[PDB]
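Notes to accompany the following structure.
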Amino acid sequence: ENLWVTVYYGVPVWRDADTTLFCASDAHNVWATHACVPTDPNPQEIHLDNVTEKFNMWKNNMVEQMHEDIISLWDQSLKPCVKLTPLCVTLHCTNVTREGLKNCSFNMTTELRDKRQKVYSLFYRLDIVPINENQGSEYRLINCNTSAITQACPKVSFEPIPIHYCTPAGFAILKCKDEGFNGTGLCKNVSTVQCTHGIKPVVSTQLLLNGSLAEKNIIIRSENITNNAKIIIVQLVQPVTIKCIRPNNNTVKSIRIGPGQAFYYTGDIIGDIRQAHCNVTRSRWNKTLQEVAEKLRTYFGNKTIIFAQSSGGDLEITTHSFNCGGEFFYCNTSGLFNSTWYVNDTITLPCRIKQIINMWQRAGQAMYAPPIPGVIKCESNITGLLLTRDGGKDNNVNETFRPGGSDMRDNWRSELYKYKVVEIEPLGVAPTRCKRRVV
Amino acid sequence: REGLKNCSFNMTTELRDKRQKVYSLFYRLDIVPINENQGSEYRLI
Amino acid sequence: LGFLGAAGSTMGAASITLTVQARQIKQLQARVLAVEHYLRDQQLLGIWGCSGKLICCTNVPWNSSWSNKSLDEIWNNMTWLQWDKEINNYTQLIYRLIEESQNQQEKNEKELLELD
Amino acid sequence: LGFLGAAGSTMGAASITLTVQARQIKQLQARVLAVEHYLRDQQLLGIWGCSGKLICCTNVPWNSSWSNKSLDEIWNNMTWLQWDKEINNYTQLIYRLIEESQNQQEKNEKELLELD
Amino acid sequence: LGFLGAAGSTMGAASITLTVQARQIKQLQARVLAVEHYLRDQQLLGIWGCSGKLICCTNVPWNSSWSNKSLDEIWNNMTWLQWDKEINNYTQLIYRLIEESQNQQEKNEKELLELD
Ligand SMILES: *[C@@H]1O[C@H](CO)[C@@H](O[C@@H]2O[C@H](CO)[C@@H](O[C@@H]3O[C@H](CO[C@H]4O[C@H](CO[C@H]5O[C@H](CO)[C@@H](O)[C@H](O)[C@@H]5O)[C@@H](O)[C@H](O[C@H]5O[C@H](CO)[C@@H](O)[C@H](O)[C@@H]5O)[C@@H]4O)[C@@H](O)[C@H](O[C@H]4O[C@H](CO)[C@@H](O)[C@H](O)[C@@H]4O[C@H]4O[C@H](CO)[C@@H](O)[C@H](O)[C@@H]4O)[C@@H]3O)[C@H](O)[C@H]2NC(C)=O)[C@H](O)[C@H]1NC(C)=O
Ligand SMILES: *[C@@H]1O[C@H](CO)[C@@H](O[C@@H]2O[C@H](CO)[C@@H](O[C@@H]3O[C@H](CO[C@H]4O[C@H](CO[C@H]5O[C@H](CO)[C@@H](O)[C@H](O)[C@@H]5O)[C@@H](O)[C@H](O[C@H]5O[C@H](CO)[C@@H](O)[C@H](O)[C@@H]5O)[C@@H]4O)[C@@H](O)[C@H](O[C@H]4O[C@H](CO)[C@@H](O)[C@H](O)[C@@H]4O)[C@@H]3O)[C@H](O)[C@H]2NC(C)=O)[C@H](O)[C@H]1NC(C)=O
Ligand SMILES: *[C@@H]1O[C@H](CO)[C@@H](O[C@@H]2O[C@H](CO)[C@@H](O[C@@H]3O[C@H](CO[C@H]4O[C@H](CO)[C@@H](O)[C@H](O)[C@@H]4O)[C@@H](O)[C@H](O[C@H]4O[C@H](CO)[C@@H](O)[C@H](O)[C@@H]4O)[C@@H]3O)[C@H](O)[C@H]2NC(C)=O)[C@H](O)[C@H]1NC(C)=O
Ligand SMILES: *[C@@H]1O[C@H](CO)[C@@H](O[C@@H]2O[C@H](CO)[C@@H](O[C@@H]3O[C@H](CO)[C@@H](O)[C@H](O)[C@@H]3O)[C@H](O)[C@H]2NC(C)=O)[C@H](O)[C@H]1NC(C)=O
Ligand SMILES: *[C@@H]1O[C@H](CO)[C@@H](O[C@@H]2O[C@H](CO)[C@@H](O[C@@H]3O[C@H](CO)[C@@H](O)[C@H](O)[C@@H]3O)[C@H](O)[C@H]2NC(C)=O)[C@H](O)[C@H]1NC(C)=O
Ligand SMILES: *[C@@H]1O[C@H](CO)[C@@H](O[C@@H]2O[C@H](CO)[C@@H](O[C@@H]3O[C@H](CO)[C@@H](O)[C@H](O)[C@@H]3O)[C@H](O)[C@H]2NC(C)=O)[C@H](O)[C@H]1NC(C)=O
Ligand SMILES: *[C@@H]1O[C@H](CO)[C@@H](O[C@@H]2O[C@H](CO)[C@@H](O)[C@H](O)[C@H]2NC(C)=O)[C@H](O)[C@H]1NC(C)=O
Ligand SMILES: *[C@@H]1O[C@H](CO)[C@@H](O[C@@H]2O[C@H](CO)[C@@H](O)[C@H](O)[C@H]2NC(C)=O)[C@H](O)[C@H]1NC(C)=O
Ligand SMILES: *[C@@H]1O[C@H](CO)[C@@H](O[C@@H]2O[C@H](CO)[C@@H](O)[C@H](O)[C@H]2NC(C)=O)[C@H](O)[C@H]1NC(C)=O
Ligand SMILES: *[C@@H]1O[C@H](CO)[C@@H](O)[C@H](O)[C@H]1NC(C)=O
Ligand SMILES: *[C@@H]1O[C@H](CO)[C@@H](O)[C@H](O)[C@H]1NC(C)=O
Ligand SMILES: *[C@@H]1O[C@H](CO)[C@@H](O)[C@H](O)[C@H]1NC(C)=O
Ligand SMILES: *[C@@H]1O[C@H](CO)[C@@H](O)[C@H](O)[C@H]1NC(C)=O
Ligand SMILES: *[C@@H]1O[C@H](CO)[C@@H](O)[C@H](O)[C@H]1NC(C)=O
Ligand SMILES: *[C@@H]1O[C@H](CO)[C@@H](O)[C@H](O)[C@H]1NC(C)=O
Ligand SMILES: *[C@@H]1O[C@H](CO)[C@@H](O)[C@H](O)[C@H]1NC(C)=O
Ligand SMILES: *[C@@H]1O[C@H](CO)[C@@H](O)[C@H](O)[C@H]1NC(C)=O
């Protein structure tokens, strides 16, 4: 038979593609969700019968776009806010009478250019570095030698709001529905959505908070489980509740820097001074560690599983950072990772609070969070872990893992692992017996 | 040579309350004498 | 079914759903891109004389080098996803041949009307 | 008569004037939006097989549930504004039925041509 | 031959190549502008009833005052660039007449649709 080319339009095919995604959200937050497109009141999802597709969470560029959007939104929120450049001034400090706080005094500018005022304030020792004169009485803010410091606006909330990511028409997002999935390899159950489920921005360095839970079993994900350089993401079946407190009752005072500006600081503490801390229930955490170890043994030859604290590096690396009440906490997680698991009350984690932060580790940038008055309490769920393998060892007896990861993108991957962006190509051609009639 | 001058100024520092004395060389083209024309003081062109 | 619900179905079975897929600062960029995407394919249909049609037969003969498969092997034994991969290296060649054939047809119909 | 000048006229009278009305940083947003609206309407007409026509007959039978009105009650006694309100809840259903009918029609045209 | 390679050829010779040219914040504005130019021409074809065609005959008689050249003098003795210059001042008159002829055709089509 003589076959002829026939053109079809609306053909159900796609190819992998990278396209600009835009935010959507449920109908002043730092993420500017008011700018986002309202979500559909009844979101659609279409199961694709007989479709098997390859996913790779480590090559996923939705992650790169999310990271750029998170940084860009953060920066936009600081543009109208008060600069603290005038505060880089010699500080004179004494003990508050704990070691974590110093009572500092300094000369600061006023609404009038020719006038000056003396300001008394309390600072966390982490935000304070000694001046090279080394008299022990003179100090400066820690980032004055590396960056301008901008005060976050007190009106701007840092609370996470779920953000749905949507793709342009003519593009679609595939979702993996398999009961367990490594984020790599072939997914048997695939469905199509215009937008992702809402994903909360969460900033953390060792533990993943308030993320998605595994349906049945703990899922361990890595680009290469045998390569110690790679960061291992562990998703938990059940959450472990972590609760945090800042026992100090801070009294917040405000002093004008200049016209249109104000500086917020803790001027006094009511009651005794106590170290901030977070607790994890011991029995629930222990069950979690055992289950993680049981899963790790399936990749590592049933070697004894050892957990250990980070070997070193910056506070941002060695401790668990998070935003609680608008305050930035850094907690010592060695209480969580001290166990050894053979094949055969609560845990209290000390914490520190730092007002000057560099969340994206960018040179030349810094933010000063204003203090939040009164006692601060938070509650969140540990939903996953960031682990690294301690390599360089040939031991066949046991294996060692430590908390933490190389990048913030590792957090975004924990929610986006199941999503893939594809371009829809409605045209196609195929042979038929059909021939066009000509006038 | 005549094309260069050795100039000094009080520059600001990392700390607002401190100042430092700085010595540097500038090309004559970038430097303008004070309007008093005494030749003892200069500014950027 | 639903959007792309036919993607795993055979090429013949999938044809019943063509209309399902025929329909359908960063937000502004998304909107402009969606328009460019849509028009790219509509432009080809307009050139091919296939505008306004979901299925459009042409005068271009099938060249067996593109595929030696029988019609049953294509229509009752393949998904469109598999088919696109098989002829991915010939797709642009086919597109040009359709365009050449349409232009000759447009010319021939003009000449027919000139005679009549 | 001019643009929308028929809006208060009956639907039958208005059908005569469709030819007239078929025609006709913030500026950038206005330009993009104007394009999206033009293409949105043309996309539906192309899928329906109605492209290039102001009046397009289909093979979809009228459901009395959509309206129980006689043709005279519709064409000589209503404005289009009133009519749209009456079928505002059925319009999307009607659109899908038109699309299915077009796809079945073209499939049948293909099968007919296979016999030539 | 390539894009616009036909530009120096005679109008008759050039007519075989029409499909070659049918194809194809500053960046965003440029993308929108390119779309508007494409659609501008497509809207004119839709207005003229010529949409989907590379060559479209009309019912408008050639008006000899626009040019007194014979068909051989136009089609075989001129390029399209020369031709556009010769009638550059009459193109708006021609476009308006085509639209008027289409309006009459649409009125006649409407009567035919009701008759059968
Ligand atoms: C995902 O991938 C899978 C795998 O590729 C896709 O599945 C495949 O889909 C195709 C198309 O539907 C199927 O082909 C069809 O198979 C049937 C025959 O199968 C029948 O016989 C079974 C016999 O078994 C028992 O029951 C009978 C009852 O009489 C008893 O006598 C026996 O003793 C046994 O007890 C029977 O069980 C089947 O019914 C059940 O299974 C079917 C499966 O499809 C279900 O629908 C039923 O609800 C029920 O669960 C079934 O009766 C053939 O008859 C088909 O040929 C007809 O249809 C074709 C459609 O394209 C058509 O081209 C043919 O010409 C033919 O049509 C003729 O007959 C029609 C009858 O109505 C007439 O209307 C028509 O005019 C014409 O005369 C067809 O070959 C594949 O079998 C199926 N493969 C597998 C492995 O299941 C799946 O579709 C993909 N999914 C998606 C979304 O793409
Ligand atoms: C705004 O709304 C109004 C109200 O709905 C609407 O007016 C109605 O318009 C329809 C037509 O669209 C009219 O229905 C037709 O009437 C025809 C004429 O019959 C009489 O009226 C004639 C004048 O009507 C026109 O002009 C007036 C203003 O003058 C205007 O309001 C009308 O709308 C319309 O434009 C008049 O000339 C005619 O003359 C008779 O009476 C005089 C009295 O002195 C006598 O001397 C004459 O010898 C003669 O006896 C008469 O008064 C009627 O012919 C027509 O039926 C024919 O045409 C239809 C349609 O083709 C055919 O189907 C039918 O078989 C016939 O061939 C029909 O009945 C309706 O009457 C108007 N209603 C009212 C209350 O006036 C406006 O048009 C709307 N405006 C817009 C812009 O939409
Ligand atoms: C750039 O400009 C130059 C000059 O205009 C163009 O060259 C002309 O190209 C056209 C199209 O090919 C030529 O038209 C044809 O010329 C033929 C010449 O005859 C050949 O054979 C005789 C011997 O029999 C030789 O002496 C002669 O040198 C040629 O080798 C004609 O035979 C053709 O007539 C036939 O075709 C035409 C068109 O279909 C019919 O109407 C006739 O009835 C007949 O069937 C035809 O006339 C033209 O002659 C060329 N001119 C010159 C001076 O050579 C270039 O093409 C142009 N380049 C581009 C890209 O446009
Ligand atoms: C982390 O764990 C510590 C220890 O479990 C929790 O502190 C405990 O808090 C309760 C309630 O304030 C204390 O009860 C009080 O005890 C004092 C005497 O110490 C008594 O005078 C009060 O009337 C009251 O009974 C409890 O003592 C205290 N435990 C210790 C050892 O100080 C803390 O709350 C935990 N953090 C989180 C976030 O859960
Ligand atoms: C943390 O410190 C703040 C002060 O910086 C405490 O707020 C003060 O709390 C007292 C009560 O303990 C308030 O006085 C009460 O006010 C209510 C008003 O209805 C009145 O009914 C009571 O009889 C009493 O007068 C005081 O106003 C309040 N100060 C401010 C500025 O609100 C706060 O209680 C401390 N938190 C803890 C947990 O101790
Ligand atoms: C978090 O809390 C744990 C428990 O209080 C802290 O553990 C202590 O960490 C220091 C290093 O920062 C250890 O000192 C080291 O001892 C080894 C020998 O064991 C020596 O080779 C090293 O050069 C260094 O001197 C200290 O032993 C360790 N204490 C215990 C009881 O294990 C940890 O430092 C805290 N993390 C942070 C970031 O503050
Ligand atoms: C996954 O990790 C293993 C272990 O690091 C990698 O295996 C190494 O591959 C290189 C290739 O040159 C060899 O030289 C090493 O000897 C291998 N190491 C071991 C312990 O066998 C493997 O290449 C990694 N896979 C990918 C895709 O990067
Ligand atoms: C890690 O485990 C060691 C024990 O292996 C803990 O050290 C113990 O501390 C408790 C409480 O003071 C003592 O009763 C034990 O006798 C200690 N063990 C040894 C061998 O000295 C250590 O505190 C643990 N680390 C964390 C962060 O919990
Ligand atoms: C994991 O295994 C390694 C290797 O056996 C342990 O390191 C050894 O510790 C024993 C303690 O008696 C020493 O005798 C060996 O000489 C050590 N080996 C090396 C290579 O130094 C390590 O202590 C084990 N970890 C845990 C948590 O038990
Ligand atoms: C305060 O503590 C510091 C050490 O952090 C110490 O050097 C200083 O002498 C103390 N001041 C008094 C008055 O004890
Ligand atoms: C928690 O784990 C430790 C070993 O890491 C064990 O000694 C302790 O008994 C466990 N606690 C409970 C309540 O099981
Ligand atoms: C944390 O876990 C508890 C378990 O009861 C659940 O009620 C709560 O909703 C979880 N929180 C989040 C943010 O998922
Ligand atoms: C720097 O300041 C001193 C006074 O502290 C002044 O005498 C000197 O002239 C200043 N130098 C310049 C270049 O202005
Ligand atoms: C068929 O396709 C092959 C590969 O593109 C090509 O070489 C050959 O010339 C084609 N045959 C025809 C008649 O076009
Ligand atoms: C008319 O509409 C009703 C309600 O949707 C539907 O059940 C019925 O089948 C329709 N009739 C026809 C002829 O489509
Ligand atoms: C032809 O064009 C001329 C110039 O516009 C005009 O005057 C003349 O009326 C036209 N002829 C016809 C028949 O339209
Ligand atoms: C063809 O047109 C050209 C350019 O106007 C002219 O020079 C030439 O003489 C014309 N030929 C005839 C036969 O009129």
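Annotation: A:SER254 fulfils all but one of (1) in a loop (DSSP other than H, G, I, E, B); (2) surrounded by fewer than 14 Cβ atoms within 10 Å (Cβ to Cβ); the unmet one is (1).
Could you grab me the full set of residues in segment A:329-382 that are away from ligand 6 (no atom under 16 Å from the Cβ), aromatic (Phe, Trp, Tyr) and within 17 Å of the chain's Cα centre (by Cα)? Residue satisfying the conditions is A:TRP360 alone.
Residue count for segment C:10-30 under the criterion of being under 23 Å from A:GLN44 (Cα atoms), surrounded by 19 or more Cβ atoms within 10 Å (Cβ to Cβ) and under 18 Å from the mean Cα position of the chain (by Cα): the result is 8.
Residue by residue, here is whether (1) among the aliphatic types (A, V, I, L, M); (2) in a loop (DSSP other than H, G, I, E, B); (3) more than 17 Å from A:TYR368 (Cα to Cα) holds:
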position: A:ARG98; (1), (2), (3): no, yes, yes
position: A:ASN103; (1), (2), (3): no, no, yes
position: A:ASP114; (1), (2), (3): no, yes, yes
position: A:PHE123; (1), (2), (3): no, no, no
position: A:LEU126; (1), (2), (3): yes, no, no
position: A:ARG140; (1), (2), (3): no, no, no
position: A:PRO160; (1), (2), (3): no, yes, yes
position: A:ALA169; (1), (2), (3): yes, yes, yes
position: A:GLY180; (1), (2), (3): no, yes, yes
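Please verify whether segment D:31-51 includes one or more residues that are of a type in the set (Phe, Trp, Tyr), loosely packed, with under 15 Cβ neighbours inside 10 Å and under 28 Å from D:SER101 (Cβ atoms). For segment D:31-51, residues of a type in the set (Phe, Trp, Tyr), loosely packed, with under 15 Cβ neighbours inside 10 Å and under 28 Å from D:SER101 (Cβ atoms): present.
Taking the listed residues E:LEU71, E:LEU39, E:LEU4, the one that is among the aliphatic types (A, V, I, L, M) and within 29 Å of D:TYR38 (Cα to Cα) is E:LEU39, with no other qualifying.
Answer with yes or no whether E:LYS69 is under 29 Å from E:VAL20 (Cβ atoms), of a type outside the set (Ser, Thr, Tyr) and more than 9 Å from every other protein chain (Cβ to nearest Cβ). So E:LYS69 fits the description; yes. Can you confirm whether A:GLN275 is closer than 26 Å to A:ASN381 by Cβ and under 22 Å from the mean Cα position of the chain (by Cα)? The answer is no for A:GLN275.
Would you point out the residue of segment E:57-85, among those that are exposed (fewer than 14 other Cβ atoms within 10 Å of the Cβ) and not in a loop (DSSP other than H, G, I, E, B), that is nearest to ligand 9 (Cβ to nearest atom)? Here the residue is E:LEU81. In segment E:86-102, the condition of being surrounded by 13 or more Cβ atoms within 10 Å (Cβ to Cβ), within 14 Å of chain D (Cβ to nearest Cβ) and under 22 Å from D:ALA13 (Cβ atoms) is met by at least one residue. Do we find a residue being more than 16 Å from ligand 9 (Cβ to nearest atom), part of a loop (DSSP other than H, G, I, E, B) and farther than 19 Å from A:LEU385 by Cβ anywhere in segment A:281-301? Checked segment A:281-301: no residue is more than 16 Å from ligand 9 (Cβ to nearest atom), part of a loop (DSSP other than H, G, I, E, B) and farther than 19 Å from A:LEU385 by Cβ. Scanning segment A:243-291 for residues that are of a type in the set (D, E, K, R) and under 20 Å from A:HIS320 (Cα atoms) yields a total of 5. When A:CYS153 is tested against (1) closer than 21 Å to A:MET62 by Cα; (2) touching a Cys at 6+ places or on another chain (Cβ under 6 Å), just one condition goes unmet, and that condition is (1).
Only a single criterion out of (1) within 16 Å of ligand 1 (Cβ to nearest atom); (2) among the polar types (S, T, N, Q); (3) at the interface with another protein chain (Cβ under 7 Å from one of its Cβ atoms) is not satisfied by C:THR19, namely (1). The sole residue among A:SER334, A:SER414, A:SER380 that is in contact with a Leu (Cβ under 9 Å, 6 or more places away or on another chain) and either in a strand (DSSP E or B) or closer than 30 Å to A:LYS155 by Cα (or both) is A:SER380. Selection over segment A:226-276 of residues that are more than 14 Å from every other protein chain (Cβ to nearest Cβ) and either of a type in the set (A, V, I, L, M) or within 16 Å of ligand 3 (Cβ to nearest atom) (or both) gives a count of 17.
Just one of the listed residues (A:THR226, A:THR241) is surrounded by fewer than 16 Cβ atoms within 10 Å (Cβ to Cβ) and not in a strand (DSSP E or B), namely A:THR226. Looking across segment A:74-118, the residues that are among the polar types (S, T, N, Q) and over 18 Å from A:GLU138 (Cβ atoms) come down to A:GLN76, A:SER77, A:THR85, A:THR97, A:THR109, A:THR110, A:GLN117.
A:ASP75 satisfies every condition listed in (1) surrounded by 19 or more Cβ atoms within 10 Å (Cβ to Cβ); (2) within 20 Å of the chain's Cα centre (by Cα) except (1).
Within segment E:24-56, the set of residues being part of a loop (DSSP other than H, G, I, E, B) and in contact with a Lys or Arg (Cβ under 7 Å, 6 or more places away or on another chain) comprises E:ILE55 only. Among the residues of segment A:4-36, those that are within 23 Å of the chain's Cα centre (by Cα) and facing chain C (nearest Cβ under 10 Å) comprise A:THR20, A:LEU21, A:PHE22, A:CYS23, A:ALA24, A:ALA35, A:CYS36.
Taking each residue of segment C:1-13 that is more than 7 Å from chain A (Cβ to nearest Cβ) and looking for partners that are away from ligand 8 (no atom under 16 Å from the Cβ) and hydrophobic (A, V, I, L, M, F, W, C) with beta-carbon atoms closer than 8 Å, six or more apart or interchain, yields C:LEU1/A:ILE46; C:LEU1/C:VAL20; C:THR10/C:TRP75; C:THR10/C:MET78; C:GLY12/C:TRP75; C:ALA13/C:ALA6.
Can you tell me which residue is surrounded by the fewest Cβ atoms within 10 Å (Cβ to Cβ) among those in segment D:103-116 that are among the acidic types (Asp, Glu) and either more than 14 Å from chain C (Cβ to nearest Cβ) or in a helix (DSSP H, G or I) (or both)? My answer is D:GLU111. Within the option set A:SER310, A:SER334, being within 16 Å of ligand 11 (Cβ to nearest atom), surrounded by fewer than 20 Cβ atoms within 10 Å (Cβ to Cβ) and hydroxyl-bearing (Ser, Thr, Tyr) holds for one residue only, A:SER334. D:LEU44 meets the conditions (1) among the aliphatic types (A, V, I, L, M); (2) under 25 Å from A:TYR8 (Cα atoms); (3) within 16 Å of ligand 15 (Cβ to nearest atom) in every case but one. The failed one is (3).
Among the residues of segment C:59-91, write down those that are under 23 Å from D:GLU100 (Cα atoms) and hydroxyl-bearing (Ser, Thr, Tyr). Matches in segment C:59-91: C:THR79 only. Pairing each residue of segment A:44-60 that is more than 7 Å from chain C (Cβ to nearest Cβ) with any residue that is assigned to a loop (DSSP other than H, G, I, E, B) and within 16 Å of ligand 7 (Cβ to nearest atom), provided the two are 6+ apart or on different chains, yields C-beta distances under 6 Å for A:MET57/A:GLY183; A:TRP58/A:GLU223. Annotation note: Cβ proximity below 8 Å between a residue of segment D:22-41 that is among the acidic types (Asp, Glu) and a residue that is part of a helix (DSSP H, G or I) (sequence gap 6+ or interchain) occurs for D:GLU36/C:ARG31; D:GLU36/C:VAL35.
With respect to the conditions (1) within 16 Å of ligand 6 (Cβ to nearest atom); (2) more than 28 Å from A:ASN323 (Cβ to Cβ), A:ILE46 lacks only one, and its number is (1).
Every residue, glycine as well, gets a Cβ built from its backbone with ideal geometry; the counts of neighbours run over all protein chains shown. Here, each number is a calculation from the coordinates, and none is a lab measurement.
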